[PDB]
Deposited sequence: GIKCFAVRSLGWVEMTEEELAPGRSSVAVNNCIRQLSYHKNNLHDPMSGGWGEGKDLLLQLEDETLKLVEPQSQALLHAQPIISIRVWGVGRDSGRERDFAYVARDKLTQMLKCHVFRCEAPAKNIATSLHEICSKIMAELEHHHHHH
């Protein structure tokens, strides 16, 4: 149900399509985390198959990514980057592919895991 995570936005980095061909992808996302994360506050929310960025104090939807069009996600593969979450979606207005990095309070695998979970019950659900 309402899975909600304390995060900070660190920024984003433009990506190409060839960067996103598989296993040139996972590598690439990590450079994206490498670029923006050094080793205010948002709630990155998961509900209704939507990755939501919510202003904590106000409960005000800041941004809203349909999960199904997230190209890829990740956690910072190396050391210390266990709290770094990244995802990649085409930007709705400009049409750009972007990798958004977030530094989380709890471990970034909790979010990876909730995303898999939400995807899997949409795969097995579409039958």
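Write out the missing regions of the deposited sequence in sequence order, one range per stretch.
Coordinates drop out over 40-54, 143-148.
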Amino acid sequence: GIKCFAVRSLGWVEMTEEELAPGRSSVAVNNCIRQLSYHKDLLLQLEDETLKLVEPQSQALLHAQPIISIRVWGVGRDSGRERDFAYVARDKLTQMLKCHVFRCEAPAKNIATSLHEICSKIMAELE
From here on, numbers count along this sequence of modelled residues.
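Higher average CA B factor in the deposited record is what I'm after, so tell me if that's 71-79 or 95-103.
Looking at the record's C-alpha B-factors, the answer is 71-79.
Tell me which stretch has the larger mean Cα B-factor in this entry, 7-15 or 21-29.
Averaging CA B-factors over each stretch, the winner is 21-29.
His39: which third of its chain by C-alpha temperature factor?
Ranked within chain, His39 CA B lands in the highest tercile.
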